[PDB]
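Just below is one structure, and these are the notes that go with it.
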Amino acid sequence: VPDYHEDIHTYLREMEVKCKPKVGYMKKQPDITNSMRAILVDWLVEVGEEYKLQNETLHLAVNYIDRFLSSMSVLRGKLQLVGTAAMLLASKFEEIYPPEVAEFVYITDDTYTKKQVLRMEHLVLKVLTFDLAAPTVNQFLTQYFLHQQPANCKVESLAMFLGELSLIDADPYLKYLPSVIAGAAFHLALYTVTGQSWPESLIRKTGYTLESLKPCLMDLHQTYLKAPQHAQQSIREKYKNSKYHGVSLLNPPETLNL
Amino acid sequence: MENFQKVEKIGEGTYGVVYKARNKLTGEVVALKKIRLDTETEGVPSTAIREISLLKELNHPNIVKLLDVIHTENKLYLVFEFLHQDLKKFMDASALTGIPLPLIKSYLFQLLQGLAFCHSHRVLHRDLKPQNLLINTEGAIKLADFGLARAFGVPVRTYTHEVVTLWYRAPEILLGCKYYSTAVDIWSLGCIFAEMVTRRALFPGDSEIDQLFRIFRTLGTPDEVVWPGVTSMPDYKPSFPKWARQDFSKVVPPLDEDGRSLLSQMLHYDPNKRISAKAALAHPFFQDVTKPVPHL
Ligand SMILES: Cc1nc(C)c(-c2ccnc(N)n2)s1
């Protein structure tokens, strides 16, 4: 019920502007591509499943990856070392007990050594200047979930599922703040499951009208539609679990009424 | 590093050694926290990753100031503002005489301001205890050691096996809840308030169950009237003995009515009803707060 739901929400809104990656960055990367990013992020989803990491850790690792590639050129043969150091750091920040470093070497198939992973840890902390506490879609969604009437398990799981899909495609999704992406997933999850719409209490809080979310909602709906065909399927497979009420099996709405 | 001249060891924290040091160029005295960096082991400790990311965001008069982070190949140093000593040491020095009431109230007021600042920026400190609370000779007191602090943009899951303090642990954590909330920091500050007041720890338990039982003998064994849900909590047992709530006047004798009312509010069983730092700061106990200095 906190006296600071408001204050934290306002503060998160401030912080997400400051932890934003550069939207243009992939086109300044001479050796890597949206498509390799996509493979890397998909692989991290699987690592999160295999080690039973929280969803928040995955979202933080992606944020770290994008901010690091916004300032440093990296060669395709090193991008997985960036991803592994980001996952380790996000696990240290967010997890109760993070997997050991040796485990993060093993997940790459011993393609890097322990010392390499650790030196990349140091270098990521330096580039990111130790700012690790970045807002994420997951965090905005969590707050948004209080304004449900009444609370719906499937709505929440499917909003999470859609929020994760947006990590995979820099593509468009680098264009939108996490609060807007969270805005669009919540609405689209609500609509899909119940036919309701972005609630007025959330309109007042976020200052986002349903209309202002339209550009991002059209991207997300197309992604949802195209998901079963996408070259990357780890989030799908993950969200067929019953833990998640199998939501990724549900049939997306062919239209949004917007 | 090259502009600092180590003066003397002052403590160990989470990750540890703290030295008093002097900036040879500006004269500033600082506390340098050196992390011992094994670069074949686990790299930077999660305590340090959290304390630096969170402290870098918290600028407030009652939170310790991180001035700089010196981050080289084999060593990591945190540079903090220097403060004279920790509340534990001051309480030990003030045993026998006791800390004056006006100073207690100033420290409490200041701590509640630091915590309200932490919580409104989604930081849970999680380990408040007198050793983590630093004082200066000008009457200030600051929260320090954010090694175990967590961002709660998403709720913070509890540690099965918990290497946080035992004496300052909230009963919801003892009874096995799934998440922390900001209430656990109010509960600890309440313990410390009473400890300054009586000059001894309120709930000095020796194990998880002992600790629950000391709480129960002072506050009464909780039930669903006081704390809806308690009896369905994972570690709750119907065989718990049924103790009576004790009069606050026996618990903290020196305290006036307003202080007994705020302490009973910081020590509410139900973390949903336990007072927030923001609201504590409105309490009438504070209407007449001053800024006395410690006799150090
Ligand atoms: C962790 C910390 N442990 C100590 C002892 C810290 C500190 C910071 C500033 N001044 C002093 N004496 N100590 S910060």
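So that the names make sense, note that chain A is the first sequence line, chain B the second, and so on, each numbered from 1. All heavy atoms count here, side chains included; hydrogens, waters and symmetry mates do not.
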>> Ignoring hydrogens and geometry beyond distance, is a side-chain donor-acceptor pair present between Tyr15(B) and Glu51(B) at under 3.5 Å?
In response: yes
> Can you find a pair of side-chain heavy atoms, one from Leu32(B) and one from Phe80(B), that are under 4.5 Å apart?
Replying inline: no
> Does a sphere of radius 6.0 Å around NZ in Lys75(B) hold more than 12 heavy atoms from other residues, nucleotides or ligands, not counting ones at 6.0 Å or beyond?
Replying inline: no
> Between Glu94(A) (side chain) and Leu60(A) (backbone), is there a donor-acceptor pair under 3.5 Å?
Replying inline: no
>> Side chains of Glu16(A) and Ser179(A): any donor to acceptor distance under 3.5 Å?
In response: yes
> Which residues satisfy the ring-ring contact (aromatic ring centres under 6.0 Å, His included) test with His122(A), sequence neighbours excluded?
Replying inline: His71(B)
> Are there more than 12 heavy atoms of other residues, nucleotides or ligands under 6.0 Å from atom NZ of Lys205(A)?
Replying inline: yes
> What pairs with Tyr144(A) under ring-ring contact (aromatic ring centres under 6.0 Å, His included), at least two apart in sequence or on another chain?
Replying inline: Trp198(A)
> Could you give the distance from CD (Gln232(A)) to CD (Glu237(A)), rounded to the nearest 0.5 Å?
Replying inline: 13.0 Å
>> Please tell me whether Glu46(A) and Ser234(A) have a donor and an acceptor in their side chains that are separated by less than 3.5 angstrom.
In response: yes
>> Counting only heavy atoms not in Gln222(A) (residues, nucleotides, ligands), do more than 12 fall under 6.0 Å from its CD?
In response: yes
> Has the side chain of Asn132(B) got a donor or acceptor atom that lies under 3.5 Å from a matching backbone atom of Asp127(B)?
Replying inline: yes
>> Regarding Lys142(B) and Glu81(B), does a basic nitrogen lie under 4.0 Å from an acidic carboxylate oxygen?
In response: yes
> Looking at CG of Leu118(A) and OG1 of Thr39(B), how far apart are the two atoms once the value is rounded to the nearest 0.5 Å?
Replying inline: 6.5 Å
>> Is a donor from one side chain sitting under 3.5 angstrom from an acceptor on the other, for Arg236(A) and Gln233(A)?
In response: yes
> Does the side chain of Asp131(A) come under 3.5 Å of the side chain of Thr129(A) through a donor N or O and an acceptor N or O?
Replying inline: yes
> When you measure from the side chain of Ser181(B) to the backbone N and O of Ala183(B), does any donor-acceptor pair fall under 3.5 Å?
Replying inline: yes
> Do the rings of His119(B) and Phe152(B) sit parallel, tilted or perpendicular, given the 30° and 60° boundaries?
Replying inline: perpendicular
> Can you tell me if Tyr51(A) and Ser91(A) form a side-chain donor-acceptor pair at under 3.5 Å?
Replying inline: no
>> More than 12 heavy atoms of other residues, nucleotides or ligands under 6.0 Å from NZ of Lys56(B): yes or no?
In response: yes
>> Tell me if a side-chain donor or acceptor on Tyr173(A) pairs with a main-chain N or O of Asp219(A) at a distance below 3.5 Å.
In response: yes
> Between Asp66(A) and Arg37(A), is there a side-chain N and carboxylate O pair less than 4.0 Å apart?
Replying inline: yes
> Would a distance-only check, ignoring hydrogens and angles, find a side-chain to backbone donor-acceptor pair under 3.5 Å from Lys92(A) to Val44(B)?
Replying inline: yes
> Side chain of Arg169(B), backbone of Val164(B): donor and acceptor closer than 3.5 Å?
Replying inline: yes
> Looking only at side chains, do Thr108(A) and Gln80(A) share a donor and an acceptor under 3.5 Å apart?
Replying inline: no
> Regarding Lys34(B) and the six-membered ring of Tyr77(B), is the cationic atom NZ or CZ under 6.0 Å from the ring centre and inside 45° of its axis?
Replying inline: no
> When rounded to the nearest 0.5 angstrom, what is the spacing between OG in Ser157(A) and CG in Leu250(A)?
Replying inline: 10.0 Å
> Between the main-chain N or O of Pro21(A) and the side-chain N or O of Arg67(A), is there a donor-acceptor pair closer than 3.5 Å?
Replying inline: no
> Just wondering, more than 12 heavy atoms not from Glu162(B) lying within 6.0 Å of its CD?
Replying inline: yes
> Roughly how far, to the nearest 0.5 Å, is CG of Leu162(A) from CZ of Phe186(A)?
Replying inline: 12.0 Å
>> Using only atom types and a distance under 3.5 Å, with no angle test, would you say the side chain of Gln29(A) pairs donor to acceptor with the backbone of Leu69(A)?
In response: yes
> Hey, is the main chain of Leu53(A) close enough, under 3.5 Å, to the side chain of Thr57(A) for a donor-acceptor pair?
Replying inline: no
> Between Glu164(A) and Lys238(A), does at least one N-O distance fall below 4.0 Å, as a salt bridge requires?
Replying inline: yes
> Going by heavy atoms in the side chains, are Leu123(A) and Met72(A) under 4.5 Å from each other?
Replying inline: yes
> How about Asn74(B): does its CG atom have over 12 heavy atoms from other parts shown lying under 6.0 Å from it?
Replying inline: yes
> Is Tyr168(B) close to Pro130(B) at the side-chain level, that is, under 4.5 Å between some pair of heavy atoms?
Replying inline: yes
> Counting heavy atoms not belonging to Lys226(A), are there more than 12 under 6.0 Å from its NZ?
Replying inline: no
>> Testing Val79(B), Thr14(B), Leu76(B) one by one against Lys33(B) for a side-chain contact (heavy atoms from CB on, under 4.5 Å), which residue passes?
In response: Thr14(B)
> In terms of ring plane angle, is the pair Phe161(A) and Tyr224(A) parallel, tilted or perpendicular, where the classes change at 30° and 60°?
Replying inline: perpendicular
> Is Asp185(B) reaching over with its side chain to a backbone N or O of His125(B), donor-acceptor style, under 3.5 angstrom?
Replying inline: yes
>> For the residue pair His121(B) / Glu57(B), report whether a side-chain donor-acceptor contact shorter than 3.5 Å exists.
In response: no
> Is the count of non-hydrogen atoms from other residues, nucleotides or ligands lying under 6.0 Å from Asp68(B) atom CG greater than 12?
Replying inline: yes
> Would you call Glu49(A) and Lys52(A) a salt bridge, taking side-chain N to carboxylate O under 4.0 Å as the test?
Replying inline: no
>> Show the nearest heavy-atom pair for residues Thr84(A) and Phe104(A), with the distance to one decimal.
In response: CG2-O, 3.5 Å
>> Under 6.0 Å from the ring centre and within 45 degrees of the ring axis: does the NZ or CZ of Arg126(B) meet both conditions for the six-membered ring of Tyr180(B)?
In response: yes
> Will you find, in the side chains of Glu56(A) and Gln139(A), an N or O donor that is under 3.5 Å from an N or O acceptor?
Replying inline: yes
> Quick one: ring-ring contact (aromatic ring centres under 6.0 Å, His included) partners of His60(B), sequence neighbours excluded?
Replying inline: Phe117(B)
